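Heads up: the structure comes next, in structure tokens.
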Amino acid sequence: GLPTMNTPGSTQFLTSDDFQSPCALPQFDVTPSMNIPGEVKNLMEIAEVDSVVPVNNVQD
Amino acid sequence: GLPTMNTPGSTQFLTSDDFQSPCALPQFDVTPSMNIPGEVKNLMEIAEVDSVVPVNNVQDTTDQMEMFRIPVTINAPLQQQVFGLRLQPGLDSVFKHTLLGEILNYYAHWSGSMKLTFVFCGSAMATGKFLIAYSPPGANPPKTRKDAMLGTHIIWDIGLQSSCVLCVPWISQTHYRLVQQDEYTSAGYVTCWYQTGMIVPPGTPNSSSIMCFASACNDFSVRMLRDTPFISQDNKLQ
Amino acid sequence: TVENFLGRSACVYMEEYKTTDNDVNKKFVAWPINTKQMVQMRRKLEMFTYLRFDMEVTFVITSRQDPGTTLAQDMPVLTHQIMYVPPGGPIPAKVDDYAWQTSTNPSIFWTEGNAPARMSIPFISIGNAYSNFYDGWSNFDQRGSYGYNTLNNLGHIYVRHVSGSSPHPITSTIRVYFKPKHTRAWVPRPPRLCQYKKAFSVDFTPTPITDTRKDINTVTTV
Amino acid sequence: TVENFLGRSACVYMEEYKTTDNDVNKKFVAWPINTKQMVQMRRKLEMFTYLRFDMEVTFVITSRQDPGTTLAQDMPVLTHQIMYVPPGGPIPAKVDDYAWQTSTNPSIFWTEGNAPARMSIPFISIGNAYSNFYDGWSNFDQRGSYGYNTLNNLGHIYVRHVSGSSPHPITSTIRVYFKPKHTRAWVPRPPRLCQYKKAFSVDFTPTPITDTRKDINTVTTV
Amino acid sequence: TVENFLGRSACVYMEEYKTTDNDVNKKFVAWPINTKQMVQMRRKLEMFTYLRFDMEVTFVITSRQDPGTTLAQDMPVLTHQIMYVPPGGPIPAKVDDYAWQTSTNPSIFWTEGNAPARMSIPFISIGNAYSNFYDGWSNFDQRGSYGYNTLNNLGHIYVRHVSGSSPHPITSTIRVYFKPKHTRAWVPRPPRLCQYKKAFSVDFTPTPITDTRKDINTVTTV
Amino acid sequence: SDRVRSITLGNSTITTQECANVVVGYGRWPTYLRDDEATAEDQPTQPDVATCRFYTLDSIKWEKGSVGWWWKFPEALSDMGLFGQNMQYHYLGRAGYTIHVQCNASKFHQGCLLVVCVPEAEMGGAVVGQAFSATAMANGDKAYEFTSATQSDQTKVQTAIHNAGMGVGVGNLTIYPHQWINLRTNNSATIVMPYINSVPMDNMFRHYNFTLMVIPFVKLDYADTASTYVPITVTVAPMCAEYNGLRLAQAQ
């Protein structure tokens, strides 16, 4: 075998990791994509939309 | 799978290792960089800066600030010695806590020349000439100005230019000396003597102070990173 | 970006299965795949009406020896089998039944002590996008099931110990993580305000718009 | 070079968490991220007023069986979860609470016997550089908190055993290492002379300039 | 070639350290780095007066449970820390002291069951070559230490279990291997004839030139 | 000669017949905030001549036994004309400064002062662990003084001169922008400090950006002259002052 050496972090599960992994359903034929209106790409697109502010949020 | 074979060192945690590792905050958007003044890139930049040397670190010290003041007086006996210090920038108490000594204490080896700047702080009316010398190691330190003048020296004359620089050259059998200096790695002595004397006109103080600064030259470098003996603890703080 | 917001693995389910027990059902897990039982992931997906993506699935399996009077044993390493049964396939009735042969269903055999098992599944809906909501019925009559649950038929996940019967029981817990990738989202909705009450229905208890302050001019903290 | 001087992993924190205990808090760690509790790293960073760098974090986790009268058991390998909770996120109150779902916070699942867990974090300050010192207050009034602690709001690190309840308690110790990389430093300061007394304040006890010798001419050792 | 003759890993030291013991010093190793304690490597290096090379260091660490009346326990895998302390750095006085933080000294954290730990060190002498012999003194006086030992100040190696306290003691043995690489050698000497008596001196007991035979013409075996 | 120097800001001019050079920050001349370095979006005020001019603080006496003084900025200027007014009405401010320390004696006097500007001069309490109030370090243009003896009064800062109130070696303060007034050659010191901070702008009351320290390294001495004390005067001019976030004035 090719000589290797494991470094710290080996075997850990980091929630925000970004690795490849085997597919359990090899060769599964995905349903074709369809062009649905209203696609969102960034949450800032939502934050850029007006919403009514409850300014008069008083006690009584 | 691709056939592999683990070699010794596999799974170990070497403190000074240099590998890549997964990022726990994928896609974190770092705060933009800003150009703050005074960036440091090498610790030698710090060691190249002068700091005040506590040359007068004598036993009977009442007042701490006195350690920075080298005494000089009128009517001193001819050829009198002003001070004497041994060149162990990382070990001797005179240097160990200066900027240069503190940086040296995070390393085990050092090499290069040093600048010892002396500044006269008496009145503009006082005069004097001093012989400042460096003696490469040998079995015995200089006990007399006659002994001292045979080594590397400069004769300092006081005038408008208040400061004088004795540059102690790197003269060694080895390329590097140890910070934890020993006899084998001995560097020598630096001594100062009255060349003439401090003469004064009427109405001026009878004695004055001289200060000593130290810094590294451009041929200076340190090697072998190590922990410093100057800081410790018995318990976690808090 | 939606790819980034949705693209982190989230726990969508967890259950325990014993190595040895008198109750047949306590020895394996049978889970009807869905994304409505774990509150965090659910709220995120539900911010969009339709979604289309590939799915990365990671499994975290851990085992612990059950407490008892006599615990001394020396059990070799455990191996688990995770099998996906598409709708209509034979379902296992016990740890040792024929269905576990998986001649056609996809399965993963994984041994403890190793990196967590993982694989990718493509966009498998029969529709053009997955629906997070469905304002409708199953019957043309306008009767039957109501809601998104009527469109959920992704199948099941079945997991067991391979030949792990131990003298004293050991309990394994499986946690399944979903990470959507190559995502597309349509028609965004207000985020869920009321806490969730049911796994398969929108059902809720009225919750106020937001919290209150003493008067309309109060701007201090104390 | 500053990159080289600061670029070695240093232990910045360590704590223990038990696998089983009657006290809920003894079973998980909750640490408010900072670099002021371990003296060595602190002194190094504090040689500069401002710093800007990316951070490599490595975790060293070890476990030991607690001593007792009856120790015979056969516990499978342990798996730990390390979760980072940015300021304001839900904080776990016990090992088994919902917050551990991490649908959005970043977590690492790691199993014993393997290479230590590790990951990189970019420069995350809200300012243009991290401040090692802050000669100021939190309130405009010139009241409130005083000092660098007022700028520390990096969040917390929470760690627990995944489903590791063992018959007899096992104690795990986590050690966290920081290694700054891609570093920039500004306005250098004198190194700390007095020993440190508090984690969140500059506080000290006067210490003399240096050690003494008998007279100003003493140059021998004996 | 000298590169080939010297280029094989050789055991230069070995010592034991316990996981648990009443004696503080029995729980960690403190070794003043040198190449004079293990006879084979010593004889090889000593065939040259001066040597210059980089060094590959490999560690072989093994653990065994100490014999006793009650041995039942279930201890998780052990992790060791090997720290190099350059001359003058703070030395650890016990397994749990601050010095083990290694904010600046290089350390290796290694877990059992894995490939032996290893790393390279460059040519670190303060001279232009390492000296195997030194016919001289430490003092200018021609007094003090005599011999090569006066030039040995390479520092120490300190090793401990990380948080490995076990109910019943376990004894670990560390073996350190040196393999010079990128070697240069000067002024070759006769190989050592007399057996070695001391680690830090040339000291010996007169040994005859070679073995004898009956007469100057004897050429048979029987 | 170069000893001659003239500086004009607004309606004020400073002149010196015996000076050294002019030290400039870390080689950085004061400058207004650029668009690519800003966060606060409102249009700022740049009062110009009304604020960027020379203000002379109250003078002090250098006596044979003096030990050293310090002034914290911008606090020291909080009552100075429109500069102080603008500080009060705005949440954020930003400025550099020309500091001119004056001290004349005679050819028969001797003495030497270090004039330094320490950015973020965070100080320790007289008794470790005991908090002190703002009043222990700054209050208008009042000069604060260091002491030889170590401070016992817990309401104060640790004033022992050799550690400069920061726990460092006083002889190493030279890494900060500085100049020396050696009575034998100088008569003043001029240091131009640019804006130095980890954020583009900051509140001017809550944060003391830098501290000016004037420390006698060589004591004042003289013979049978009728003059006793030697006054030390500090004159400073804000440079490129700009403010953001206008609202009601802060009471103090």
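Note on naming: chains are A, B, ... as they come in the structure tokens, residues start from 1 per chain, ligands start from 1 in the order shown.
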Name all residues at most 9 Å from region 133-143 of chain B (count only C-alpha atoms; drop same-chain ones fewer than 2 positions away) and give them as a PDB file with C-alpha atoms, in the first residue's frame.
ATOM      1  CA  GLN B  81      36.497  52.201  35.289  1.00  0.00           C
ATOM      2  CA  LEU B 131      37.040  54.655  26.155  1.00  0.00           C
ATOM      3  CA  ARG B 145      42.199  50.600  30.898  1.00  0.00           C
ATOM      4  CA  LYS B 146      45.602  49.527  29.555  1.00  0.00           C
ATOM      5  CA  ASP B 147      44.229  45.924  29.325  1.00  0.00           C
ATOM      6  CA  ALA B 148      40.951  47.071  27.783  1.00  0.00           C
ATOM      7  CA  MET B 149      42.460  49.286  25.064  1.00  0.00           C
ATOM      8  CA  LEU B 150      44.063  46.267  23.371  1.00  0.00           C
ATOM      9  CA  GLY B 151      40.646  45.034  22.228  1.00  0.00           C
ATOM     10  CA  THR B 152      37.952  46.471  19.981  1.00  0.00           C
ATOM     11  CA  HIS B 153      37.141  49.967  21.200  1.00  0.00           C
ATOM     12  CA  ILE B 154      35.952  53.453  20.411  1.00  0.00           C
ATOM     13  CA  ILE B 155      36.919  56.741  22.101  1.00  0.00           C
ATOM     14  CA  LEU B 166      29.931  50.829  20.271  1.00  0.00           C
ATOM     15  CA  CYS B 167      29.175  48.114  17.769  1.00  0.00           C
ATOM     16  CA  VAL B 168      30.267  44.728  19.171  1.00  0.00           C
ATOM     17  CA  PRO B 169      31.156  42.478  16.178  1.00  0.00           C
ATOM     18  CA  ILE B 171      33.763  37.171  16.690  1.00  0.00           C
ATOM     19  CA  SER B 172      33.214  33.494  17.462  1.00  0.00           C
ATOM     20  CA  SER B 186      31.630  32.467  25.785  1.00  0.00           C
ATOM     21  CA  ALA B 187      31.292  35.946  24.180  1.00  0.00           C
ATOM     22  CA  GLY B 188      33.494  38.240  26.258  1.00  0.00           C
ATOM     23  CA  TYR B 189      33.206  41.533  28.108  1.00  0.00           C
ATOM     24  CA  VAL B 190      32.311  45.148  27.465  1.00  0.00           C
ATOM     25  CA  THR B 191      33.973  47.732  29.709  1.00  0.00           C
ATOM     26  CA  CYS B 192      34.066  51.509  29.968  1.00  0.00           C
ATOM     27  CA  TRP B 193      36.821  53.797  31.318  1.00  0.00           C
TER      28      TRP B 193
ATOM     29  CA  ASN E 139      36.638  26.230  31.022  1.00  0.00           C
ATOM     30  CA  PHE E 140      39.410  28.341  29.462  1.00  0.00           C
ATOM     31  CA  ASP E 141      41.396  27.361  32.531  1.00  0.00           C
TER      32      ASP E 141
END
Can you list, as a PDB file with N, CA, C and O atoms, in the first residue's frame, every protein, DNA or RNA residue that comes within 8 Å of residue 137 (chain E) when you count only C-alpha atoms, leaving out same-chain residues fewer than 4 positions away?
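After the write, around-v2.pdb holds the following:
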ATOM      1  N   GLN E 142      41.321  25.194  31.442  1.00  0.00           N
ATOM      2  CA  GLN E 142      41.628  23.791  31.159  1.00  0.00           C
ATOM      3  C   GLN E 142      41.131  22.987  32.374  1.00  0.00           C
ATOM      4  O   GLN E 142      41.844  22.130  32.905  1.00  0.00           O
ATOM      5  N   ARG E 143      39.899  23.272  32.798  1.00  0.00           N
ATOM      6  CA  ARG E 143      39.245  22.624  33.939  1.00  0.00           C
ATOM      7  C   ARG E 143      37.772  22.496  33.573  1.00  0.00           C
ATOM      8  O   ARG E 143      37.367  22.947  32.494  1.00  0.00           O
ATOM      9  N   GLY E 144      36.960  21.961  34.486  1.00  0.00           N
ATOM     10  CA  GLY E 144      35.536  21.792  34.218  1.00  0.00           C
ATOM     11  C   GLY E 144      35.239  20.421  33.633  1.00  0.00           C
ATOM     12  O   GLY E 144      35.794  19.426  34.100  1.00  0.00           O
ATOM     13  N   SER E 145      34.320  20.336  32.674  1.00  0.00           N
ATOM     14  CA  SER E 145      34.007  19.062  32.033  1.00  0.00           C
ATOM     15  C   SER E 145      35.072  18.801  31.001  1.00  0.00           C
ATOM     16  O   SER E 145      35.580  19.742  30.366  1.00  0.00           O
ATOM     17  N   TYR E 146      35.346  17.520  30.779  1.00  0.00           N
ATOM     18  CA  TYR E 146      36.296  17.101  29.765  1.00  0.00           C
ATOM     19  C   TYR E 146      35.553  16.192  28.791  1.00  0.00           C
ATOM     20  O   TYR E 146      34.712  15.390  29.212  1.00  0.00           O
ATOM     21  N   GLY E 147      35.808  16.345  27.497  1.00  0.00           N
ATOM     22  CA  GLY E 147      35.176  15.452  26.542  1.00  0.00           C
ATOM     23  C   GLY E 147      33.921  15.907  25.845  1.00  0.00           C
ATOM     24  O   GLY E 147      33.353  16.939  26.165  1.00  0.00           O
ATOM     25  N   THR E 150      30.749  17.971  26.936  1.00  0.00           N
ATOM     26  CA  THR E 150      30.663  19.409  27.105  1.00  0.00           C
ATOM     27  C   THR E 150      29.949  20.093  25.927  1.00  0.00           C
ATOM     28  O   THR E 150      29.394  21.163  26.094  1.00  0.00           O
TER      29      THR E 150
END
Can I get the residues of chain D within 6 Å of chain B, each with the closest pair of atoms and their distance in Å to one decimal, using only C-alpha atoms, sorted chain first then ascending number, as CSV?
residue,atom,partner,partner_atom,distance
D:1,CA,B:42,CA,3.4
D:2,CA,B:41,CA,4.8
D:8,CA,B:16,CA,5.6
D:106,CA,B:24,CA,5.8
D:115,CA,B:11,CA,5.1
D:118,CA,B:21,CA,4.9
D:119,CA,B:23,CA,3.4
D:120,CA,B:23,CA,3.7
D:121,CA,B:25,CA,5.7
D:122,CA,B:30,CA,5.3
D:123,CA,B:30,CA,4.5
D:124,CA,B:30,CA,4.9
D:125,CA,B:31,CA,5.7
D:128,CA,B:34,CA,5.3
D:185,CA,B:39,CA,5.0
D:186,CA,B:39,CA,4.3
D:187,CA,B:38,CA,4.8
D:197,CA,B:237,CA,5.7
D:198,CA,B:237,CA,5.6
D:213,CA,B:59,CA,5.2
D:214,CA,B:59,CA,3.8
D:215,CA,B:58,CA,3.8
D:216,CA,B:58,CA,4.1
D:217,CA,B:84,CA,5.9
Just asking: which residues within region 6-214 of chain D are strand (DSSP E or B) according to DSSP, as a VMD selection string? chain D and resid 10 to 18 28 to 32 48 to 65 79 to 85 107 to 111 118 to 121 130 to 131 136 to 137 146 156 to 161 170 to 188
Please report as an mmCIF file with C-alpha atoms, in the first residue's frame which residues of chain F come no farther than 9 Å from chain B, using only C-alpha atoms.
data_model
loop_
_atom_site.group_PDB
_atom_site.id
_atom_site.type_symbol
_atom_site.label_atom_id
_atom_site.label_comp_id
_atom_site.auth_asym_id
_atom_site.auth_seq_id
_atom_site.Cartn_x
_atom_site.Cartn_y
_atom_site.Cartn_z
ATOM 1 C CA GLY F 25 2.833 58.845 13.176
ATOM 2 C CA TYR F 26 4.051 55.606 11.730
ATOM 3 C CA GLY F 27 5.023 57.597 8.693
ATOM 4 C CA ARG F 28 1.302 58.267 8.204
ATOM 5 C CA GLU F 37 -13.240 52.190 4.253
ATOM 6 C CA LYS F 107 22.084 77.020 28.382
ATOM 7 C CA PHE F 108 22.859 76.436 32.086
ATOM 8 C CA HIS F 109 19.941 74.121 32.877
ATOM 9 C CA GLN F 110 19.989 70.377 32.200
ATOM 10 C CA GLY F 111 17.203 67.805 31.877
ATOM 11 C CA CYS F 112 15.609 65.454 29.370
ATOM 12 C CA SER F 148 8.023 57.015 42.208
ATOM 13 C CA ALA F 149 6.439 54.936 44.925
ATOM 14 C CA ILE F 161 6.585 55.476 36.837
ATOM 15 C CA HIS F 162 8.948 52.631 35.893
ATOM 16 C CA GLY F 169 9.369 48.593 30.936
ATOM 17 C CA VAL F 170 9.324 52.375 30.793
ATOM 18 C CA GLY F 171 12.573 52.420 28.758
ATOM 19 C CA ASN F 172 10.830 50.557 25.926
ATOM 20 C CA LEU F 173 8.164 53.200 25.309
ATOM 21 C CA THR F 174 10.313 54.293 22.377
ATOM 22 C CA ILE F 175 8.523 51.926 19.957
ATOM 23 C CA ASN F 182 16.901 67.474 25.861
ATOM 24 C CA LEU F 183 17.243 70.985 27.378
ATOM 25 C CA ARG F 184 20.729 71.199 25.968
ATOM 26 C CA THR F 185 19.487 71.051 22.320
ATOM 27 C CA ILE F 196 -5.197 54.656 14.687
ATOM 28 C CA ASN F 197 -7.975 52.219 15.648
ATOM 29 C CA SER F 198 -9.402 48.794 14.726
ATOM 30 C CA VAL F 199 -12.625 50.373 13.403
ATOM 31 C CA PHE F 217 14.304 60.524 32.123
ATOM 32 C CA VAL F 218 17.007 62.955 33.300
ATOM 33 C CA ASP F 221 18.779 70.550 37.491
ATOM 34 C CA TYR F 222 20.348 73.998 37.705
ATOM 35 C CA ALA F 223 22.652 76.141 39.847
ATOM 36 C CA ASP F 224 22.253 79.590 41.463
#
Which chain D residues have any atom within 9 Å of an atom of chain E, and for each, what is the nearest pair of atoms with distance in Å to one decimal, counting only C-alpha atoms, rows sorted by chain and number, as JSON lines?
{"residue": "D:5", "atom": "CA", "partner": "E:104", "partner_atom": "CA", "distance": 8.1}
{"residue": "D:6", "atom": "CA", "partner": "E:104", "partner_atom": "CA", "distance": 8.5}
{"residue": "D:8", "atom": "CA", "partner": "E:104", "partner_atom": "CA", "distance": 6.7}
{"residue": "D:9", "atom": "CA", "partner": "E:103", "partner_atom": "CA", "distance": 6.7}
{"residue": "D:10", "atom": "CA", "partner": "E:103", "partner_atom": "CA", "distance": 4.3}
{"residue": "D:11", "atom": "CA", "partner": "E:101", "partner_atom": "CA", "distance": 5.4}
{"residue": "D:12", "atom": "CA", "partner": "E:101", "partner_atom": "CA", "distance": 8.2}
{"residue": "D:38", "atom": "CA", "partner": "E:101", "partner_atom": "CA", "distance": 8.0}
{"residue": "D:39", "atom": "CA", "partner": "E:98", "partner_atom": "CA", "distance": 8.7}
{"residue": "D:40", "atom": "CA", "partner": "E:103", "partner_atom": "CA", "distance": 5.6}
{"residue": "D:41", "atom": "CA", "partner": "E:103", "partner_atom": "CA", "distance": 5.7}
{"residue": "D:44", "atom": "CA", "partner": "E:103", "partner_atom": "CA", "distance": 8.6}
{"residue": "D:60", "atom": "CA", "partner": "E:109", "partner_atom": "CA", "distance": 8.1}
{"residue": "D:61", "atom": "CA", "partner": "E:79", "partner_atom": "CA", "distance": 8.9}
{"residue": "D:62", "atom": "CA", "partner": "E:163", "partner_atom": "CA", "distance": 6.3}
{"residue": "D:63", "atom": "CA", "partner": "E:76", "partner_atom": "CA", "distance": 5.9}
{"residue": "D:64", "atom": "CA", "partner": "E:76", "partner_atom": "CA", "distance": 5.9}
{"residue": "D:65", "atom": "CA", "partner": "E:75", "partner_atom": "CA", "distance": 5.6}
{"residue": "D:66", "atom": "CA", "partner": "E:167", "partner_atom": "CA", "distance": 6.8}
{"residue": "D:67", "atom": "CA", "partner": "E:167", "partner_atom": "CA", "distance": 4.7}
{"residue": "D:68", "atom": "CA", "partner": "E:167", "partner_atom": "CA", "distance": 7.5}
{"residue": "D:70", "atom": "CA", "partner": "E:72", "partner_atom": "CA", "distance": 8.5}
{"residue": "D:71", "atom": "CA", "partner": "E:73", "partner_atom": "CA", "distance": 5.1}
{"residue": "D:72", "atom": "CA", "partner": "E:73", "partner_atom": "CA", "distance": 5.3}
{"residue": "D:73", "atom": "CA", "partner": "E:74", "partner_atom": "CA", "distance": 6.2}
{"residue": "D:74", "atom": "CA", "partner": "E:74", "partner_atom": "CA", "distance": 6.5}
{"residue": "D:75", "atom": "CA", "partner": "E:74", "partner_atom": "CA", "distance": 7.4}
{"residue": "D:77", "atom": "CA", "partner": "E:76", "partner_atom": "CA", "distance": 7.9}
{"residue": "D:78", "atom": "CA", "partner": "E:76", "partner_atom": "CA", "distance": 8.7}
{"residue": "D:112", "atom": "CA", "partner": "E:77", "partner_atom": "CA", "distance": 7.6}
{"residue": "D:113", "atom": "CA", "partner": "E:77", "partner_atom": "CA", "distance": 6.5}
{"residue": "D:114", "atom": "CA", "partner": "E:111", "partner_atom": "CA", "distance": 7.7}
{"residue": "D:115", "atom": "CA", "partner": "E:111", "partner_atom": "CA", "distance": 7.9}
{"residue": "D:116", "atom": "CA", "partner": "E:109", "partner_atom": "CA", "distance": 8.8}
{"residue": "D:170", "atom": "CA", "partner": "E:76", "partner_atom": "CA", "distance": 8.8}
{"residue": "D:172", "atom": "CA", "partner": "E:163", "partner_atom": "CA", "distance": 8.3}
{"residue": "D:173", "atom": "CA", "partner": "E:163", "partner_atom": "CA", "distance": 6.9}
Expected file contents, prior selection, N, CA, C and O atoms, as a compact mmCIF listing (two decimals), in the first residue's frame:
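Result saved to out-v1.txt:
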# COMPACT_ATOMS: atom_id res chain seq x y z
N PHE D 5 5.91 32.63 14.14
CA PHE D 5 5.88 32.73 15.57
C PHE D 5 4.51 32.31 16.13
O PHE D 5 4.42 31.60 17.13
N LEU D 6 3.44 32.77 15.50
CA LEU D 6 2.10 32.43 15.97
C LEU D 6 1.55 31.12 15.42
O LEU D 6 0.69 30.50 16.06
N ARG D 8 1.69 27.78 15.41
CA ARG D 8 1.89 26.45 16.02
C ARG D 8 0.64 26.27 16.85
O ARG D 8 0.15 27.25 17.42
N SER D 9 0.11 25.05 16.91
CA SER D 9 -1.11 24.83 17.67
C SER D 9 -0.79 24.94 19.15
O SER D 9 0.25 24.45 19.59
N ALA D 10 -1.63 25.65 19.90
CA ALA D 10 -1.44 25.82 21.34
C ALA D 10 -2.73 25.47 22.06
O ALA D 10 -3.82 25.75 21.56
N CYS D 11 -2.62 24.81 23.22
CA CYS D 11 -3.81 24.45 23.98
C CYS D 11 -4.42 25.73 24.57
O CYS D 11 -3.74 26.50 25.26
N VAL D 12 -5.67 26.01 24.22
CA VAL D 12 -6.34 27.19 24.73
C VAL D 12 -7.43 26.88 25.74
O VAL D 12 -7.94 27.78 26.39
N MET D 38 -5.44 30.33 28.90
CA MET D 38 -4.19 29.58 28.88
C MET D 38 -3.09 30.59 28.60
O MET D 38 -3.05 31.28 27.58
N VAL D 39 -2.29 30.75 29.63
CA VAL D 39 -1.18 31.67 29.73
C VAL D 39 -0.17 31.79 28.58
O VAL D 39 0.15 32.91 28.18
N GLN D 40 0.30 30.68 28.02
CA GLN D 40 1.28 30.75 26.93
C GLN D 40 0.79 31.43 25.66
O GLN D 40 1.42 32.36 25.16
N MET D 41 -0.32 30.94 25.10
CA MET D 41 -0.92 31.52 23.90
C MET D 41 -1.26 32.99 24.15
O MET D 41 -1.06 33.84 23.28
N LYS D 44 1.67 35.40 23.88
CA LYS D 44 2.12 35.57 22.50
C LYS D 44 1.22 36.52 21.73
O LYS D 44 1.69 37.48 21.12
N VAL D 60 -8.30 17.40 20.74
CA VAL D 60 -7.72 16.17 21.24
C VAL D 60 -8.66 15.71 22.36
O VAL D 60 -8.85 16.41 23.37
N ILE D 61 -9.33 14.60 22.12
CA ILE D 61 -10.28 14.04 23.08
C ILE D 61 -9.81 12.67 23.55
O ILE D 61 -9.50 11.81 22.72
N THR D 62 -9.70 12.48 24.86
CA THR D 62 -9.29 11.19 25.42
C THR D 62 -10.28 10.76 26.51
O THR D 62 -10.91 11.60 27.14
N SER D 63 -10.46 9.46 26.68
CA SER D 63 -11.39 8.94 27.68
C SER D 63 -10.74 7.93 28.61
O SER D 63 -9.86 7.17 28.20
N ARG D 64 -11.19 7.91 29.86
CA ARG D 64 -10.67 6.98 30.86
C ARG D 64 -11.83 6.48 31.72
O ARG D 64 -12.81 7.21 31.95
N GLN D 65 -11.75 5.22 32.12
CA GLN D 65 -12.79 4.64 32.96
C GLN D 65 -12.55 5.08 34.39
O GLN D 65 -11.43 4.98 34.92
N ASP D 66 -13.60 5.60 35.01
CA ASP D 66 -13.51 6.05 36.39
C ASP D 66 -13.26 4.88 37.30
O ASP D 66 -13.80 3.78 37.07
N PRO D 67 -12.43 5.07 38.34
CA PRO D 67 -12.11 4.01 39.29
C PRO D 67 -13.36 3.69 40.12
O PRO D 67 -14.26 4.54 40.27
N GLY D 68 -13.45 2.46 40.62
CA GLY D 68 -14.60 2.06 41.40
C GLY D 68 -14.44 0.62 41.85
O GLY D 68 -13.43 -0.03 41.54
N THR D 70 -16.61 -2.06 41.13
CA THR D 70 -16.89 -2.98 40.04
C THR D 70 -16.67 -2.25 38.71
O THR D 70 -17.38 -1.30 38.39
N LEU D 71 -15.66 -2.69 37.98
CA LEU D 71 -15.26 -2.09 36.71
C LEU D 71 -15.52 -2.92 35.45
O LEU D 71 -15.37 -2.42 34.34
N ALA D 72 -15.89 -4.18 35.61
CA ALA D 72 -16.13 -5.02 34.44
C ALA D 72 -17.31 -4.57 33.57
O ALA D 72 -18.45 -4.45 34.05
N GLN D 73 -17.01 -4.22 32.33
CA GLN D 73 -18.02 -3.83 31.35
C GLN D 73 -17.37 -3.97 30.00
O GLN D 73 -16.17 -4.23 29.90
N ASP D 74 -18.17 -3.85 28.96
CA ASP D 74 -17.66 -4.00 27.61
C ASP D 74 -18.37 -2.95 26.79
O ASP D 74 -19.41 -3.19 26.19
N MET D 75 -17.84 -1.74 26.84
CA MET D 75 -18.43 -0.61 26.16
C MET D 75 -17.88 -0.44 24.72
O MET D 75 -16.67 -0.53 24.50
N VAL D 77 -17.03 1.54 21.04
CA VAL D 77 -16.29 2.79 20.84
C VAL D 77 -17.20 4.03 21.01
O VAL D 77 -18.39 4.00 20.67
N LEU D 78 -16.64 5.09 21.58
CA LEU D 78 -17.38 6.33 21.82
C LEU D 78 -17.28 7.34 20.68
O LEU D 78 -16.21 7.50 20.06
N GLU D 112 -13.59 7.88 18.59
CA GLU D 112 -12.31 7.57 19.18
C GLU D 112 -11.50 6.53 18.42
O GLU D 112 -12.04 5.64 17.77
N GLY D 113 -10.17 6.68 18.49
CA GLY D 113 -9.27 5.77 17.81
C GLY D 113 -8.74 6.34 16.51
O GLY D 113 -7.76 5.84 15.95
N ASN D 114 -9.36 7.44 16.09
CA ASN D 114 -9.03 8.11 14.83
C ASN D 114 -8.16 9.36 14.98
O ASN D 114 -7.93 9.83 16.09
N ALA D 115 -7.72 9.91 13.85
CA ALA D 115 -6.91 11.13 13.83
C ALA D 115 -7.73 12.24 14.50
O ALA D 115 -8.94 12.31 14.32
N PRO D 116 -7.08 13.11 15.29
CA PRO D 116 -7.81 14.20 15.95
C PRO D 116 -8.61 15.06 14.96
O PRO D 116 -8.15 15.33 13.85
N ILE D 170 -17.45 6.88 32.59
CA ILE D 170 -16.23 7.08 31.83
C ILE D 170 -16.08 8.60 31.75
O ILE D 170 -17.07 9.30 31.56
N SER D 172 -14.33 11.77 29.82
CA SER D 172 -13.63 12.24 28.63
C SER D 172 -13.10 13.63 28.92
O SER D 172 -13.74 14.41 29.65
N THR D 173 -11.93 13.93 28.37
CA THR D 173 -11.32 15.24 28.53
C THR D 173 -11.09 15.79 27.13
O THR D 173 -10.56 15.07 26.27
